[PDB]
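Residue numbers start from 1 in every chain, and the chains themselves are labelled A, B, ... in the order their sequence lines are given, proteins ahead of strands.
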There are 2 protein chains.
Amino acid sequence: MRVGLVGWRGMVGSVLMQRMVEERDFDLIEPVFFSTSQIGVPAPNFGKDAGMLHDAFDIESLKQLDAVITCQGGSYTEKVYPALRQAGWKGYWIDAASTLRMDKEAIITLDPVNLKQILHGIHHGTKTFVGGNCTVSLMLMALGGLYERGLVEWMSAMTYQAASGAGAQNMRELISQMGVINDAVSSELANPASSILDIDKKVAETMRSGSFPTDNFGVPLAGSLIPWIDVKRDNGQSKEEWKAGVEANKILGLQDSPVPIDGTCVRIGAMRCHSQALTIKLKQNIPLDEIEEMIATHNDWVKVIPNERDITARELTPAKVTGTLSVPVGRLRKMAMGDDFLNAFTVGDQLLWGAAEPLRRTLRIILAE
Amino acid sequence: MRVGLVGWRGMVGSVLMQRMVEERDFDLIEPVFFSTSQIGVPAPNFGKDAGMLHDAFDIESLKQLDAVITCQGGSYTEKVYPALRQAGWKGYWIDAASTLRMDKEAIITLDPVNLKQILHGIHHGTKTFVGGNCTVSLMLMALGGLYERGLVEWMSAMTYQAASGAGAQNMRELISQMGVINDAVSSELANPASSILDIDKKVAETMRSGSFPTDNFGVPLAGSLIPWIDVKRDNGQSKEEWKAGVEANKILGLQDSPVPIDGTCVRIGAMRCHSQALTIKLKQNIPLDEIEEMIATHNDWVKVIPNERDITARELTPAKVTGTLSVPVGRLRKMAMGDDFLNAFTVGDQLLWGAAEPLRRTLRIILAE
């Protein structure tokens, strides 16, 4: 199989390349590397020679491929995808971008949750497979066991989203902001006799100053939070908030009778893990033990953490999860509202299950069929 | 009125002192400053001479006071309060600590919500007045207009709690951790062409290292979060999560038919403002405009932030709110679950309405009555 790679040098693409090397995906394909900047020079060698860099915008070149995996983003997909399909290309388009998620000819791919749907699509002529929104994918990796059994009546999701969701430049800005905050008080910070209110005064002033680095976020992130992600929609949701309901229900094949999913999506000062605090309304009163089993046995990556302070502090955090494929879920308990209300808190890596991992897995599924 | 001040040198105490100076509270009282480790040293001069620092554990000296305002904490109250009351002291005990909050003889004070309850207490022999949990006070300052009208069926609260809530050393530690994170990658950040994954790897290693300053939190906070605050309770709640239900219903005088309040309390890398993401179940489908009016008209400090992207990012954040008495609430909209589900996101300063402000206001109410 001849597989084109686009956006392999960017953040998501570089994670994908790392994972494809780790899993020896390249052993099974003929990789063709494309560039949006410079062509004709040697392609990256991740273990074997792959020839030259090809023109990412050349329709004839793309037409010769059996598949494309693109992490290049929405602008690229919009520019290339329609023309490529119009030109008669029937190969597999595997895409990280949101562009095609809700297209009638596309399947959103999260195989631990919807392998059956993916396989049906492959067998019946679906050629476009799109990774879902990071928060959606991470939530379903945590709660797939409940959703697959049709037990969720509705879910409120309040999120704690990392800088990586916005981009590499945003991550850099977050760290720079952290440095500027510390710089303001570093001389007196470690002196317990120094006025804590004077320290706070300087921190607040620094964060409010015009020179505080906020080009990417627009406002401070370090030391703060931003309770709005992406553009406004007419009903008052942000696009980030709206994505959950439409995408999860497409993944789950419930568009005719969707699970209402809503809440507030908040950016916080984390690098690359999204966390989510969930109010889950269940259709029945299920014992907590059974809920724990349903969740834990759904997939190999979900990890149900005992509901205890010390273990939670150590295991259920971005510090623990960053750069791993593990999806811990904890604080699992019935709520004051009733035995059909379930609290959950989950953490997941935005770049792995939330971006790169479903792309390589989809490739492997297509190969095996 | 002779008023004793205990724990005035600490963080909440320092904020209280600043506020009492700003509002000229000292003009109305005879302040007597107490101490644990500086007995005999001249008392602070905030405008007038207050003599010398008295012994905070001497019951005989405390008995000469008409009132005590204590920011000293739970262990101090546990030791001094029973002994002082048993000695026959009939003065006013105004306390920030959680200790006496649920005692039958005590009133939880948040006068923009329960002035009437406080006044009735004063006129009927109540001599113990206790500030509520920071999260409870801040939530009710935002949503008092709905709660006082009995329109809330239940509420799920997912919190984003500032470092200051854990203590002054914890806030310092947060800033310290920010510095350590930046230090690890400062060279790479200054280079435009550095790899984001290399930067990410170093940040994660730094956060996980024994050298990372985690003495107070036990785990990283900067770059992370901690979805557990305070001790575990038998039903799986943390103490922090349990406080909202018992305290809010006491404040509102709803013990006979309490509003269910529950959720997950999470520590994040914010300086001194708590933020809360609320799923509010209403007993009726109230028009959104009317909800906003009910919220806005409740008190002088709540601020309805229009549900627009740019204004939300600028106004509904710790960076905006820090060190002010403003309690913005925004993202006000009906949710996917139905028009009797209200989303709300609110931010409030932990040290003001969440700690010091109800104490000085209670003093002023007692003085005026």
Identify, with sequence neighbours excluded, every residue that meets side-chain hydrogen bond (donor to acceptor under 3.5 Å, both in side chains) alongside [X].
X	value
B/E292	none
B/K320	none
B/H124	none
A/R309	none

Salt bridge (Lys or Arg N to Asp or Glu O under 4.0 Å) with [X]: which residues, sequence neighbours excluded?
X	answer
B/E60	none
B/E247	B/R101
A/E308	none
B/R9	none

Is a side-chain donor or acceptor of [X] paired with a backbone partner of [Y] at a separation under 3.5 angstrom?
X	Y	answer
B/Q72	B/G7	yes
B/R267	B/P227	no
B/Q276	B/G348	no
A/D200	A/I196	no
B/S238	B/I229	yes
B/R2	B/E30	no
B/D340	B/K283	no

*Would you call A/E188-A/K202 a salt bridge at under 4.0 Å N-O?*
yes
[X] and [Y]: which non-hydrogen atoms are nearest, and at how many Å?
X	Y	value
B/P31	B/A50	O-CB, 3.8 Å
B/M335	A/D262	CA-OD2, 3.3 Å
B/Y147	B/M155	OH-SD, 3.2 Å

*Just checking, B/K79 and B/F57: is the charged tip under 6.0 Å from the six-membered ring centre and within 45° of the axis?*
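Checked: cation-pi criterion met.
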_No-hydrogen, no-angle side-chain donor-acceptor test under 3.5 Å, B/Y92 and B/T362_ = no
*Taking atom types as modelled, is there a side-chain donor on B/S61 or B/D55 under 3.5 Å from an acceptor on the other?*
no
_Parallel, tilted or perpendicular, as decided by the 30° and 60° cut-offs, for the rings of B/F26 and B/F46_ = parallel
*Calculate, to the nearest 0.5 Å, the distance between atoms NE2 and CD belonging to B/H123 and B/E369 respectively.*
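Spacing of NE2 (B/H123) from CD (B/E369) equals 3.5 Å.
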_Listed once per pair and sorted, the salt bridge (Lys or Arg N to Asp or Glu O under 4.0 Å) pairs that draw on residues 115-141 of chain B, sequence neighbours left out_ = none
*asked:* Does any part of the side chain of B/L225, heavy atoms only, come nearer than 4.5 Å to the side chain of A/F345, both counted from C-beta?
replied: yes
*Please walk me through it: do B/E241 and A/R331 pass salt bridge (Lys or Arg N to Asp or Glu O under 4.0 Å)?*
CA-CA 11 Å; B/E241 296 155 356; A/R331 308 308 316 283; 2.8 Å; yes
*Under the side-chain contact (heavy atoms from CB on, under 4.5 Å) test, residues paired with B/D111 that sit two or more places apart*: B/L115, B/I118, B/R361, B/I365
_Partner residues of A/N191 under the side-chain contact (heavy atoms from CB on, under 4.5 Å) criterion, sequence neighbours left out_ = A/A193, A/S194
*For B/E315 and B/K303, run salt bridge (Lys or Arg N to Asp or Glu O under 4.0 Å): C-alpha distance rounded to whole Å, both residues' side-chain angles, the deciding distance at 0.1 Å, then the answer.*
CA-CA 10 Å; B/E315 304 217 13; B/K303 202 184 187 194; 2.8 Å; yes
*Can you spot which of B/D95, B/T70, B/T128, B/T99 makes a side-chain hydrogen bond (donor to acceptor under 3.5 Å, both in side chains) with B/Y81?*
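Passing option: B/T128.
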*If you look only at pairs with a residue in residues 273-301 of chain B, which of them pass as a ring-ring contact (aromatic ring centres under 6.0 Å, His included), with sequence neighbours excluded?*
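Qualifying pairs, neighbours excluded: B/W301-B/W353.
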